[PDB]
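The file work.cif contains mmCIF, C-alpha atoms and all ligand atoms:
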```
data_my_file
loop_
_atom_site.label_atom_id
_atom_site.label_comp_id
_atom_site.auth_asym_id
_atom_site.auth_seq_id
_atom_site.Cartn_x
_atom_site.Cartn_y
_atom_site.Cartn_z
CA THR A 17 20.97 19.59 16.24
CA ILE A 18 18.34 18.26 13.81
CA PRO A 19 19.09 18.98 10.13
CA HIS A 20 16.49 21.01 8.25
CA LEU A 21 15.81 20.19 4.59
CA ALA A 22 13.66 21.89 1.97
CA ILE A 23 13.05 18.58 0.19
CA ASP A 24 9.36 18.22 -0.65
CA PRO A 25 8.62 14.46 -0.50
CA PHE A 26 5.20 15.15 -2.07
CA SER A 27 6.31 17.01 -5.21
CA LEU A 28 6.10 15.57 -8.71
CA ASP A 29 9.88 15.78 -9.12
CA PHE A 30 10.22 13.68 -5.96
CA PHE A 31 7.73 11.12 -7.30
CA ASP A 32 9.60 10.84 -10.61
CA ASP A 33 12.89 9.92 -8.89
CA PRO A 34 12.71 9.70 -5.08
CA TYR A 35 15.88 7.65 -4.53
CA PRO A 36 18.54 10.42 -4.68
CA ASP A 37 16.56 12.54 -2.21
CA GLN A 38 15.82 9.53 0.01
CA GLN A 39 19.56 9.00 0.48
CA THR A 40 19.88 12.70 1.29
CA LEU A 41 17.16 12.19 3.91
CA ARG A 42 18.85 9.06 5.28
CA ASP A 43 22.44 10.34 5.45
CA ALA A 44 21.47 13.77 6.81
CA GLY A 45 20.75 12.11 10.15
CA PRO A 46 18.49 9.62 11.94
CA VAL A 47 15.81 12.32 12.29
CA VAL A 48 15.26 15.27 9.94
CA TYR A 49 12.92 18.26 9.86
CA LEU A 50 11.14 19.08 6.59
CA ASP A 51 10.63 22.85 6.47
CA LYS A 52 8.19 22.57 3.56
CA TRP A 53 5.46 21.01 5.72
CA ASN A 54 6.78 21.56 9.29
CA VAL A 55 7.13 17.85 10.07
CA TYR A 56 9.78 15.54 11.46
CA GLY A 57 11.10 12.85 9.14
CA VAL A 58 12.74 9.47 9.60
CA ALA A 59 14.15 7.67 6.56
CA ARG A 60 16.57 5.03 7.87
CA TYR A 61 15.31 1.53 8.57
CA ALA A 62 16.06 1.63 12.30
CA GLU A 63 14.05 4.75 13.16
CA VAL A 64 11.14 3.88 10.85
CA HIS A 65 10.92 0.45 12.50
CA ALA A 66 11.16 1.94 16.00
CA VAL A 67 8.40 4.48 15.28
CA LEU A 68 6.13 1.77 13.86
CA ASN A 69 6.61 -0.40 16.98
CA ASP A 70 5.98 2.47 19.44
CA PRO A 71 2.23 3.08 19.07
CA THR A 72 1.75 4.63 22.52
CA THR A 73 4.16 7.48 21.72
CA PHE A 74 3.69 7.66 17.92
CA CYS A 75 -0.08 7.26 17.75
CA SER A 76 -2.34 6.98 14.71
CA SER A 77 -5.69 8.19 16.09
CA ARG A 78 -4.71 11.81 15.38
CA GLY A 79 -4.26 10.86 11.70
CA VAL A 80 -1.75 8.85 9.66
CA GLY A 81 -1.65 11.78 7.26
CA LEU A 82 -0.26 15.28 7.49
CA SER A 83 -3.49 16.67 8.94
CA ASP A 84 -3.83 16.48 12.72
CA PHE A 85 -7.30 15.20 13.63
CA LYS A 86 -6.95 17.14 16.90
CA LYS A 87 -6.45 20.34 14.84
CA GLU A 88 -8.49 19.76 11.66
CA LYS A 89 -11.57 17.68 11.02
CA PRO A 90 -10.88 14.66 8.79
CA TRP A 91 -12.14 14.73 5.22
CA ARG A 92 -14.03 11.51 6.01
CA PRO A 93 -15.06 9.77 9.25
CA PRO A 94 -11.87 8.32 10.76
CA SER A 95 -10.96 4.73 10.01
CA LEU A 96 -11.77 2.46 12.94
CA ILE A 97 -8.64 0.40 12.15
CA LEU A 98 -6.04 2.61 10.45
CA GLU A 99 -6.63 5.81 12.41
CA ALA A 100 -7.18 4.30 15.86
CA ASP A 101 -4.94 3.32 18.76
CA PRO A 102 -5.11 0.45 21.25
CA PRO A 103 -7.33 -0.53 22.90
CA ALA A 104 -9.96 0.95 20.55
CA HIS A 105 -8.01 -0.49 17.60
CA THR A 106 -7.70 -4.06 18.89
CA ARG A 107 -11.18 -5.50 18.35
CA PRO A 108 -11.79 -4.00 14.87
CA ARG A 109 -8.34 -5.38 14.05
CA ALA A 110 -9.29 -8.86 15.29
CA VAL A 111 -12.44 -8.87 13.14
CA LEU A 112 -10.52 -7.93 10.00
CA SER A 113 -7.80 -10.42 10.95
CA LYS A 114 -10.39 -13.22 11.04
CA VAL A 115 -12.29 -12.07 7.93
CA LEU A 116 -8.97 -12.15 6.03
CA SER A 117 -7.62 -15.10 8.02
CA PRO A 118 -5.40 -17.95 6.79
CA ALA A 119 -8.55 -20.09 6.89
CA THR A 120 -10.20 -17.62 4.50
CA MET A 121 -7.52 -17.75 1.80
CA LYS A 122 -8.20 -21.48 1.38
CA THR A 123 -11.71 -20.78 0.07
CA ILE A 124 -10.56 -18.28 -2.58
CA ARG A 125 -7.05 -19.45 -3.55
CA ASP A 126 -8.06 -21.66 -6.48
CA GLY A 127 -10.36 -18.95 -7.83
CA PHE A 128 -7.56 -16.44 -7.31
CA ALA A 129 -5.16 -18.84 -9.05
CA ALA A 130 -7.43 -19.83 -11.95
CA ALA A 131 -8.23 -16.19 -12.74
CA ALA A 132 -4.51 -15.38 -12.77
CA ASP A 133 -3.99 -18.51 -14.89
CA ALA A 134 -6.72 -17.19 -17.21
CA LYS A 135 -5.45 -13.61 -17.59
CA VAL A 136 -1.88 -14.48 -18.62
CA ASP A 137 -3.29 -16.74 -21.34
CA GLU A 138 -5.61 -13.96 -22.50
CA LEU A 139 -2.76 -11.44 -22.63
CA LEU A 140 -0.47 -13.96 -24.35
CA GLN A 141 -3.05 -14.15 -27.15
CA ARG A 142 -2.64 -10.37 -27.60
CA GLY A 143 1.14 -10.20 -27.12
CA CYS A 144 1.63 -6.44 -26.77
CA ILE A 145 -0.41 -5.36 -23.74
CA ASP A 146 -0.42 -2.71 -21.02
CA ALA A 147 0.91 -4.36 -17.87
CA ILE A 148 -0.95 -1.79 -15.73
CA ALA A 149 -4.42 -1.46 -17.24
CA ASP A 150 -4.67 -4.98 -18.69
CA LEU A 151 -2.84 -6.85 -15.90
CA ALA A 152 -1.98 -4.86 -12.77
CA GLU A 153 -5.51 -3.41 -12.76
CA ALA A 154 -7.48 -5.99 -14.75
CA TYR A 155 -6.56 -9.01 -12.63
CA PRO A 156 -7.34 -7.65 -9.12
CA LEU A 157 -10.53 -6.02 -10.42
CA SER A 158 -11.58 -9.44 -11.76
CA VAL A 159 -10.93 -11.05 -8.37
CA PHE A 160 -11.11 -8.71 -5.38
CA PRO A 161 -14.53 -7.01 -5.84
CA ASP A 162 -16.16 -10.44 -6.21
CA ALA A 163 -14.31 -11.76 -3.16
CA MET A 164 -15.60 -8.74 -1.22
CA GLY A 165 -19.12 -9.60 -2.38
CA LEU A 166 -19.65 -6.41 -4.39
CA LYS A 167 -22.35 -5.61 -6.89
CA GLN A 168 -21.34 -5.07 -10.51
CA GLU A 169 -22.90 -1.63 -11.07
CA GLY A 170 -20.72 1.33 -10.12
CA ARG A 171 -17.50 -0.69 -9.87
CA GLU A 172 -15.56 2.03 -11.74
CA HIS A 173 -15.62 4.11 -8.52
CA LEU A 174 -13.26 2.04 -6.36
CA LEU A 175 -9.93 2.84 -8.04
CA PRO A 176 -10.75 6.59 -8.09
CA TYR A 177 -11.83 6.26 -4.45
CA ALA A 178 -8.74 4.22 -3.53
CA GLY A 179 -6.45 6.74 -5.23
CA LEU A 180 -8.23 9.58 -3.44
CA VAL A 181 -7.87 8.02 0.03
CA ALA A 182 -4.11 7.69 -0.37
CA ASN A 183 -3.92 11.18 -1.89
CA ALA A 184 -5.69 12.66 1.15
CA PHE A 185 -2.98 11.46 3.55
CA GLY A 186 -0.65 13.94 1.84
CA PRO A 187 -0.25 17.66 2.35
CA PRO A 188 -2.74 20.22 1.01
CA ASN A 189 -1.06 20.28 -2.39
CA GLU A 190 -2.96 20.22 -5.69
CA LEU A 191 -2.93 16.40 -5.77
CA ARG A 192 -4.89 16.39 -2.51
CA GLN A 193 -7.17 19.34 -3.30
CA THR A 194 -7.96 18.00 -6.77
CA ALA A 195 -8.75 14.55 -5.36
CA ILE A 196 -11.11 15.74 -2.59
CA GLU A 197 -12.74 18.02 -5.18
CA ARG A 198 -13.82 14.92 -7.16
CA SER A 199 -14.86 12.91 -4.09
CA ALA A 200 -18.61 13.04 -3.43
CA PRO A 201 -19.66 10.58 -6.20
CA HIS A 202 -16.92 8.13 -5.18
CA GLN A 203 -17.74 8.47 -1.48
CA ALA A 204 -21.49 7.97 -2.00
CA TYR A 205 -21.02 4.66 -3.83
CA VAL A 206 -18.38 3.35 -1.42
CA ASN A 207 -20.47 4.19 1.65
CA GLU A 208 -23.46 2.68 -0.15
CA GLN A 209 -21.66 -0.64 -0.71
CA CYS A 210 -20.75 -0.83 2.99
CA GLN A 211 -24.32 -1.47 4.16
CA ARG A 212 -25.25 -5.08 4.84
CA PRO A 213 -27.98 -5.50 2.14
CA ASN A 214 -25.48 -4.66 -0.63
CA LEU A 215 -22.96 -7.41 0.22
CA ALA A 216 -23.14 -10.87 -1.33
CA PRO A 217 -23.29 -13.69 1.25
CA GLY A 218 -19.92 -15.34 1.75
CA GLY A 219 -17.90 -12.31 0.68
CA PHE A 220 -15.51 -10.32 2.84
CA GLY A 221 -18.05 -7.60 3.61
CA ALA A 222 -20.79 -10.05 4.58
CA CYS A 223 -18.36 -11.78 6.94
CA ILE A 224 -17.58 -8.42 8.57
CA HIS A 225 -21.26 -7.73 9.25
CA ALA A 226 -21.58 -11.29 10.58
CA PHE A 227 -18.89 -10.34 13.12
CA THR A 228 -21.36 -7.97 14.81
CA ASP A 229 -22.91 -10.83 16.80
CA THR A 230 -19.55 -11.56 18.49
CA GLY A 231 -19.61 -8.21 20.30
CA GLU A 232 -16.17 -7.30 18.99
CA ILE A 233 -17.78 -4.67 16.75
CA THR A 234 -21.27 -3.19 16.70
CA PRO A 235 -23.54 -3.10 13.63
CA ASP A 236 -22.75 0.61 13.29
CA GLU A 237 -19.02 -0.21 13.12
CA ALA A 238 -19.24 -2.81 10.34
CA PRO A 239 -19.81 -0.32 7.45
CA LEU A 240 -16.63 1.54 8.40
CA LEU A 241 -14.67 -1.72 8.53
CA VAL A 242 -16.02 -2.58 5.08
CA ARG A 243 -14.95 0.90 3.96
CA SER A 244 -11.39 0.13 5.08
CA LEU A 245 -11.06 -2.77 2.64
CA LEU A 246 -12.70 -0.76 -0.15
CA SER A 247 -10.09 1.96 0.45
CA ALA A 248 -7.02 -0.27 0.80
CA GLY A 249 -7.81 -3.66 -0.75
CA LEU A 250 -7.25 -2.88 -4.44
CA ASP A 251 -4.88 -0.10 -5.50
CA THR A 252 -1.92 -1.30 -3.42
CA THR A 253 -2.20 -4.77 -4.95
CA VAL A 254 -2.41 -3.07 -8.36
CA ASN A 255 0.81 -1.17 -7.69
CA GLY A 256 2.38 -4.24 -6.09
CA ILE A 257 1.64 -6.53 -9.03
CA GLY A 258 2.54 -3.76 -11.48
CA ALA A 259 5.85 -3.44 -9.62
CA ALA A 260 6.73 -7.13 -9.92
CA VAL A 261 6.04 -7.09 -13.67
CA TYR A 262 8.25 -4.03 -14.14
CA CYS A 263 11.00 -5.52 -11.97
CA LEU A 264 10.85 -8.76 -13.97
CA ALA A 265 10.86 -6.64 -17.15
CA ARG A 266 14.09 -4.80 -16.29
CA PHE A 267 15.71 -7.67 -14.39
CA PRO A 268 15.45 -10.47 -16.99
CA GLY A 269 17.87 -12.61 -14.99
CA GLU A 270 15.39 -12.62 -12.12
CA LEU A 271 12.62 -13.57 -14.55
CA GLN A 272 14.64 -16.57 -15.74
CA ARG A 273 15.29 -17.73 -12.17
CA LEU A 274 11.57 -17.43 -11.42
CA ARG A 275 10.85 -19.50 -14.54
CA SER A 276 13.18 -22.29 -13.40
CA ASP A 277 11.66 -22.36 -9.89
CA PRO A 278 8.06 -21.09 -9.86
CA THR A 279 7.90 -21.70 -6.09
CA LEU A 280 9.91 -18.46 -5.78
CA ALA A 281 6.81 -16.54 -6.92
CA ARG A 282 5.62 -15.61 -3.42
CA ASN A 283 8.99 -14.23 -2.31
CA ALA A 284 9.41 -12.63 -5.74
CA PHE A 285 6.26 -10.64 -4.97
CA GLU A 286 7.50 -9.91 -1.44
CA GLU A 287 10.74 -8.68 -3.02
CA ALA A 288 8.77 -6.43 -5.37
CA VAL A 289 6.92 -5.09 -2.33
CA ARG A 290 10.18 -4.18 -0.60
CA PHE A 291 11.85 -2.90 -3.79
CA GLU A 292 9.13 -0.48 -4.90
CA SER A 293 7.10 -0.10 -1.66
CA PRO A 294 3.60 0.59 -3.08
CA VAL A 295 2.91 2.52 0.13
CA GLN A 296 5.72 5.07 0.30
CA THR A 297 4.94 7.14 3.39
CA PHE A 298 2.71 7.32 6.46
CA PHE A 299 2.51 9.75 9.37
CA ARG A 300 2.40 9.37 13.13
CA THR A 301 1.75 11.96 15.83
CA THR A 302 3.82 12.23 19.01
CA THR A 303 1.64 11.81 22.10
CA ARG A 304 4.50 13.04 24.31
CA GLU A 305 7.93 14.63 24.23
CA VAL A 306 10.09 11.81 22.87
CA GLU A 307 13.80 11.32 22.16
CA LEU A 308 14.62 9.60 18.87
CA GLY A 309 17.96 9.62 17.06
CA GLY A 310 19.36 12.18 19.48
CA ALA A 311 16.42 14.46 18.60
CA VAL A 312 13.83 15.50 21.18
CA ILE A 313 10.46 15.79 19.42
CA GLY A 314 7.71 17.64 21.26
CA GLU A 315 4.13 16.55 21.77
CA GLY A 316 1.63 16.92 18.95
CA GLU A 317 4.26 16.79 16.20
CA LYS A 318 3.79 15.00 12.88
CA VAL A 319 6.53 12.45 12.14
CA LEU A 320 6.80 11.27 8.53
CA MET A 321 7.91 7.68 7.94
CA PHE A 322 9.64 6.87 4.63
CA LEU A 323 8.75 3.21 4.17
CA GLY A 324 10.31 3.04 0.71
CA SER A 325 13.55 4.61 1.93
CA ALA A 326 13.64 2.18 4.87
CA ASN A 327 13.24 -0.71 2.41
CA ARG A 328 16.33 0.60 0.58
CA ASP A 329 18.49 1.55 3.58
CA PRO A 330 22.01 0.12 3.06
CA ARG A 331 22.39 0.08 6.86
CA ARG A 332 19.94 -2.86 6.80
CA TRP A 333 19.97 -4.28 3.26
CA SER A 334 22.83 -5.50 1.07
CA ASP A 335 22.48 -4.20 -2.50
CA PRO A 336 19.16 -2.45 -1.65
CA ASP A 337 18.85 -1.10 -5.21
CA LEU A 338 18.88 -4.62 -6.71
CA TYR A 339 15.84 -6.82 -7.28
CA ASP A 340 16.64 -10.25 -5.79
CA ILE A 341 13.87 -12.87 -5.69
CA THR A 342 15.93 -14.99 -3.26
CA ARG A 343 16.59 -12.18 -0.76
CA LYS A 344 15.55 -12.73 2.84
CA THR A 345 12.82 -10.08 2.73
CA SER A 346 11.69 -10.73 6.31
CA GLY A 347 11.77 -7.43 8.20
CA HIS A 348 10.82 -5.05 5.39
CA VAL A 349 8.27 -2.37 6.26
CA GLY A 350 6.41 -2.43 2.95
CA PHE A 351 3.40 -3.77 4.87
CA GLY A 352 4.24 -1.74 7.96
CA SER A 353 5.32 -3.17 11.29
CA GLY A 354 3.67 -3.61 14.67
CA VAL A 355 0.02 -3.62 15.70
CA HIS A 356 -0.95 -1.80 12.49
CA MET A 357 0.92 -4.11 10.08
CA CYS A 358 -1.26 -4.67 7.02
CA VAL A 359 -4.25 -6.81 7.98
CA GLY A 360 -4.77 -7.72 4.32
CA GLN A 361 -1.20 -8.80 3.61
CA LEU A 362 -2.37 -12.38 3.03
CA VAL A 363 -4.81 -11.24 0.34
CA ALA A 364 -2.10 -9.15 -1.35
CA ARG A 365 0.48 -11.94 -1.24
CA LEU A 366 -2.08 -14.43 -2.58
CA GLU A 367 -2.86 -12.19 -5.56
CA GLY A 368 0.82 -11.47 -6.15
CA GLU A 369 1.99 -15.08 -5.84
CA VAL A 370 -0.52 -16.71 -8.18
CA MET A 371 0.10 -14.00 -10.79
CA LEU A 372 3.89 -14.30 -10.68
CA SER A 373 3.29 -18.06 -10.67
CA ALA A 374 1.22 -17.84 -13.86
CA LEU A 375 3.91 -15.66 -15.44
CA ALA A 376 6.63 -18.07 -14.29
CA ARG A 377 4.92 -21.02 -16.00
CA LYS A 378 3.63 -19.38 -19.20
CA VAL A 379 5.93 -16.43 -20.06
CA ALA A 380 9.47 -16.59 -21.46
CA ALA A 381 10.27 -12.86 -21.71
CA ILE A 382 8.76 -9.50 -20.78
CA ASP A 383 10.05 -6.73 -23.06
CA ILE A 384 9.10 -3.09 -22.50
CA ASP A 385 8.06 -1.86 -25.96
CA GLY A 386 6.38 1.47 -25.25
CA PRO A 387 6.53 4.75 -23.34
CA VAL A 388 6.50 4.04 -19.61
CA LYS A 389 4.35 6.59 -17.75
CA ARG A 390 4.27 7.04 -13.98
CA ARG A 391 1.14 7.43 -11.86
CA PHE A 392 1.52 10.24 -9.32
CA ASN A 393 0.04 10.00 -5.82
CA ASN A 394 0.90 11.55 -2.45
CA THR A 395 1.29 8.15 -0.75
CA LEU A 396 1.36 5.43 -3.41
CA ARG A 397 4.13 4.67 -5.90
CA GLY A 398 3.03 3.09 -9.15
CA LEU A 399 3.02 3.24 -12.94
CA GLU A 400 0.25 4.69 -15.09
CA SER A 401 1.14 2.49 -18.08
CA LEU A 402 3.67 -0.29 -18.70
CA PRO A 403 3.55 -1.30 -22.38
CA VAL A 404 5.20 -4.73 -22.56
CA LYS A 405 5.29 -7.58 -25.06
CA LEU A 406 4.91 -11.04 -23.54
CA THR A 407 6.71 -13.98 -25.15
CA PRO A 408 4.89 -17.28 -24.53
CA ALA A 409 6.94 -20.00 -22.85
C1 LIG A 501 0.81 -4.72 -1.98
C2 LIG A 501 -0.29 -4.64 -1.22
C3 LIG A 501 -0.41 -3.81 0.08
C4 LIG A 501 0.47 -2.98 0.66
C5 LIG A 501 1.90 -2.59 0.20
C6 LIG A 501 -0.14 -2.45 1.87
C7 LIG A 501 0.44 -1.57 2.75
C8 LIG A 501 0.00 -1.31 4.04
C9 LIG A 501 0.74 -0.65 5.09
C10 LIG A 501 2.17 -0.09 4.97
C11 LIG A 501 -0.03 -0.60 6.18
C12 LIG A 501 0.36 0.02 7.53
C13 LIG A 501 -0.42 1.31 7.78
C14 LIG A 501 0.06 1.95 9.05
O1 LIG A 501 0.86 1.31 9.79
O2 LIG A 501 -0.34 3.11 9.33
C15 LIG A 501 -1.30 -1.23 5.86
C16 LIG A 501 -2.38 -1.40 6.70
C17 LIG A 501 -3.64 -1.81 6.31
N1 LIG A 501 -3.94 -2.44 5.12
FE1 LIG A 501 -2.65 -2.79 3.58
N2 LIG A 501 -1.40 -2.99 1.98
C18 LIG A 501 -1.61 -3.83 0.91
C19 LIG A 501 -2.76 -4.56 0.67
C20 LIG A 501 -3.91 -4.52 1.43
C21 LIG A 501 -5.09 -5.34 1.24
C22 LIG A 501 -5.21 -6.40 0.13
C23 LIG A 501 -5.99 -5.00 2.19
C24 LIG A 501 -7.41 -5.56 2.46
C25 LIG A 501 -8.01 -6.53 1.75
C26 LIG A 501 -5.40 -3.95 3.00
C27 LIG A 501 -5.98 -3.32 4.08
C28 LIG A 501 -5.30 -2.70 5.10
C29 LIG A 501 -5.86 -2.20 6.35
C30 LIG A 501 -7.34 -2.26 6.77
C31 LIG A 501 -4.86 -1.67 7.07
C32 LIG A 501 -4.99 -1.03 8.47
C33 LIG A 501 -4.41 -2.00 9.48
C34 LIG A 501 -4.29 -1.36 10.84
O3 LIG A 501 -4.39 -0.11 10.92
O4 LIG A 501 -4.11 -2.09 11.84
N3 LIG A 501 -4.13 -3.69 2.51
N4 LIG A 501 -1.24 -1.65 4.55
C1 LIG A 502 -3.05 3.19 1.98
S1 LIG A 502 -3.13 1.97 3.32
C2 LIG A 502 -4.78 2.05 4.09
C3 LIG A 502 -5.71 2.96 3.61
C4 LIG A 502 -6.97 3.02 4.19
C5 LIG A 502 -7.29 2.19 5.25
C6 LIG A 502 -8.67 2.26 5.88
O1 LIG A 502 -9.64 2.71 5.22
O2 LIG A 502 -8.83 1.89 7.07
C7 LIG A 502 -6.35 1.28 5.73
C8 LIG A 502 -5.10 1.21 5.15
#
```
For the file at hand, write its structure as structure tokens.
Ligand code: HEM
Ligand SMILES: CSc1ccc(C(=O)O)cc1
Amino acid sequence: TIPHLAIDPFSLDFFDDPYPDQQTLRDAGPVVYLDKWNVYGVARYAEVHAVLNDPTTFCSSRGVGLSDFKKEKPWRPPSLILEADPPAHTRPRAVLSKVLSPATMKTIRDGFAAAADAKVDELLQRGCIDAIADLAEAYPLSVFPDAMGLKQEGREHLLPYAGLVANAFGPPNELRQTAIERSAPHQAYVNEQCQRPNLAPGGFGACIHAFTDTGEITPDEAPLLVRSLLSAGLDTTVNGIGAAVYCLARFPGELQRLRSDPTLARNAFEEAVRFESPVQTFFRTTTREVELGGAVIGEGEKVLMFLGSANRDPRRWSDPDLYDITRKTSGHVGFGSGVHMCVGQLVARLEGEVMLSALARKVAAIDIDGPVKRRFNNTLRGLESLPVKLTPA
């Protein structure tokens, strides 16, 4: 009944060009079985959205990766927020929701905006730059670690740690085994910068530890909640901003519309989030025998969600392969959906908006003038280098 496919969604050939295989996964049926890793797969928008909004049946406490926490021990202590189910997930979620609240973005927006308005000017003085290293990475690194309240020493560990966390959700391929092999130095620093004495007052991490008084989390739970933002608060914004620049580089008509109306910058970033989906996949584990798409999945089965394929499903989106800064992006699962929907989506949209805003007001053209190289990861889509030449407006 369920179609079986040998497609490896975690191979380098799949990362180079996932779109042909993602249509094969979508059109093969609402639910597929991937013989390479013995998992169920959903690639259409409807099933991916239904799985995300059914946390009781498709839980996350047994791991959002391939590995079953009930069968294998996790490579690191489980996330109190990402790898937990209600009700144990609720209160750590509420703390991170208030630390990254709408009232919090007001205190950092101008600093977020001025730094974006300072980087575009710096890169315009150089002309030919790398949109990944000198923009997609340089801008969030100049903004997010300080907003977290981080020290300056050892800051070159976060991006290797962030890339390793996303790589560990994948199967035991080389990408995962090579990552975890180079882990202990990155883990030691990250865990070190989760303790209360190492967080600057007023930063995100200090606010998390302040939320131990409220009784929603204990002091022993705050370092893990700080570790969640150190694992997820940087590299997805890097790939998200690096996606918008690439999309504006190959869709020059969309760049010119953004120039004429800079207020489209926020939705232009939301469109780049749907179009590229910096988080490609995430797992769930069936807590019961469940029927989905005419397929009866047993208990304790890993179900793979293709968030990028769901953001390009023609059953839900018109012209899903086109970058449209005026598209009604509401409903896309680039940030997830349900009780686990990205708690730091306001921080990511703030960084993406003010950067596309600075580009909309100061850049006239973005021309790719160098070899474009992709960055391979089991969970994250993103470019290693994007050599572009910026024309000042
Ligand atoms: C373009 C930027 C980003 C993208 C595409 C993204 C993507 C996602 C997705 C798809 C999920 C759902 C995970 C799941 O349902 O299993 C998620 C959750 C999460 N994200 Fe993000 N994220 C981004 C930025 C951020 C930022 C800036 C932060 C923190 C400052 C962050 C922290 C988290 C955390 C802690 C969770 C777990 C929420 C929960 O389990 O309830 N992410 N993210
Ligand atoms: C790649 S999305 C993500 C990664 C890690 C965490 C966490 O550390 O809790 C949350 C979201």
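Each of A:251, A:84, A:383, A:126 was compared to ligand LIG 502 (chain A) using all atoms listed in the file, and A:251 turns out to be the nearest.
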Distance in Å - CA of residue 172 in chain A versus CA of residue 158 in chain A: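 Rounded to one decimal, the two atoms are 12.1 Å apart.
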Using all atoms listed in the file, what table do you get, as a tab-separated table, when you list each residue of chain A with an atom no more than 7 Å from ligand LIG 501 (chain A), its nearest pair of atoms, and their distance in Å rounded to one decimal, rows by chain then rising number?
```
residue	atom	partner	partner_atom	distance
A:68	CA	A:LIG501	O1	6.7
A:76	CA	A:LIG501	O2	6.9
A:80	CA	A:LIG501	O2	5.9
A:97	CA	A:LIG501	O3	4.5
A:98	CA	A:LIG501	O3	3.2
A:99	CA	A:LIG501	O3	6.5
A:109	CA	A:LIG501	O4	5.8
A:244	CA	A:LIG501	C30	5.0
A:245	CA	A:LIG501	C24	4.6
A:248	CA	A:LIG501	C26	4.6
A:249	CA	A:LIG501	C23	3.7
A:250	CA	A:LIG501	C22	6.1
A:252	CA	A:LIG501	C2	4.3
A:253	CA	A:LIG501	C2	4.2
A:255	CA	A:LIG501	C1	6.7
A:256	CA	A:LIG501	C1	4.4
A:289	CA	A:LIG501	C1	6.1
A:293	CA	A:LIG501	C5	6.1
A:294	CA	A:LIG501	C5	4.9
A:295	CA	A:LIG501	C5	5.2
A:298	CA	A:LIG501	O2	5.9
A:349	CA	A:LIG501	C10	6.6
A:350	CA	A:LIG501	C10	5.2
A:351	CA	A:LIG501	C10	3.9
A:352	CA	A:LIG501	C10	4.0
A:353	CA	A:LIG501	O1	6.5
A:355	CA	A:LIG501	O4	5.9
A:356	CA	A:LIG501	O4	3.2
A:357	CA	A:LIG501	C12	4.9
A:358	CA	A:LIG501	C16	3.5
A:359	CA	A:LIG501	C33	5.0
A:360	CA	A:LIG501	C23	3.7
A:361	CA	A:LIG501	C19	5.4
A:363	CA	A:LIG501	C22	4.9
A:364	CA	A:LIG501	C22	4.4
```
May I have the residues within 10 Å of residue 331 in chain A as a PDB file with C-alpha atoms, in the frame of the given file, using all atoms listed in the file and disregarding those fewer than 3 positions away in the same chain?
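What ended up in selection20.pdb:
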```
ATOM      1  CA  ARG A  42      18.850   9.060   5.280  1.00  0.00           C
ATOM      2  CA  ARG A  60      16.570   5.030   7.870  1.00  0.00           C
ATOM      3  CA  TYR A  61      15.310   1.530   8.570  1.00  0.00           C
ATOM      4  CA  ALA A  62      16.060   1.630  12.300  1.00  0.00           C
ATOM      5  CA  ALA A 326      13.640   2.180   4.870  1.00  0.00           C
ATOM      6  CA  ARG A 328      16.330   0.600   0.580  1.00  0.00           C
ATOM      7  CA  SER A 334      22.830  -5.500   1.070  1.00  0.00           C
ATOM      8  CA  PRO A 336      19.160  -2.450  -1.650  1.00  0.00           C
TER       9      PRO A 336
END
```
What's around residue 184 in chain A at 9 Å? Count all atoms listed in the file, leave out sequence neighbours fewer than 3 positions away in its own chain, and write the answer as a short mmCIF file (atom, residue, chain, number, x, y, z; two decimals) with C-alpha atoms, in the frame of the given file.
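Dumped to around.cif:
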```cif
data_model
loop_
_atom_site.label_atom_id
_atom_site.label_comp_id
_atom_site.auth_asym_id
_atom_site.auth_seq_id
_atom_site.Cartn_x
_atom_site.Cartn_y
_atom_site.Cartn_z
CA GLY A 81 -1.65 11.78 7.26
CA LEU A 82 -0.26 15.28 7.49
CA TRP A 91 -12.14 14.73 5.22
CA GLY A 179 -6.45 6.74 -5.23
CA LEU A 180 -8.23 9.58 -3.44
CA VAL A 181 -7.87 8.02 0.03
CA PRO A 187 -0.25 17.66 2.35
CA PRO A 188 -2.74 20.22 1.01
CA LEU A 191 -2.93 16.40 -5.77
CA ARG A 192 -4.89 16.39 -2.51
CA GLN A 193 -7.17 19.34 -3.30
CA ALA A 195 -8.75 14.55 -5.36
CA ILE A 196 -11.11 15.74 -2.59
CA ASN A 394 0.90 11.55 -2.45
CA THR A 395 1.29 8.15 -0.75
#
```
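Considering all atoms listed in the file, the residue among A:228, A:120, A:100, A:34 positioned nearest to ligand LIG 502 (chain A) is A:100.
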Top pick for closest residue to residue 266 in chain A, considering A:151, A:385, A:309, A:227 and counting only C-alpha atoms: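 Of A:151, A:385, A:309, A:227, the one nearest residue 266 in chain A is A:385, counting only C-alpha atoms.
We find CA of residue 198 in chain A and CA of residue 186 in chain A to be spaced 16.0 Å apart.
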Residue list as a count of residues only for point (19.2, 15.2, 3.6), cut-off 10 Å, only C-alpha atoms: 20
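Interatomic distance, CA of residue 378 in chain A against CA of residue 409 in chain A: 5.0 Å.
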Pick from A:343, A:332, A:122, A:105, whichever lies nearest to ligand LIG 502 (chain A) using only C-alpha atoms and all ligand atoms: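 Checking each of A:343, A:332, A:122, A:105 against ligand LIG 502 (chain A), counting only C-alpha atoms and all ligand atoms, the winner is A:105.
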Distance criterion (all atoms listed in the file): nearest to residue 324 in chain A out of A:168, A:276, A:296, A:189: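 Among the listed residues, A:296 lies closest to residue 324 in chain A.
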Selected residue of minimal separation from residue 323 in chain A among A:396, A:404, A:166, A:130, counting only C-alpha atoms: A:396
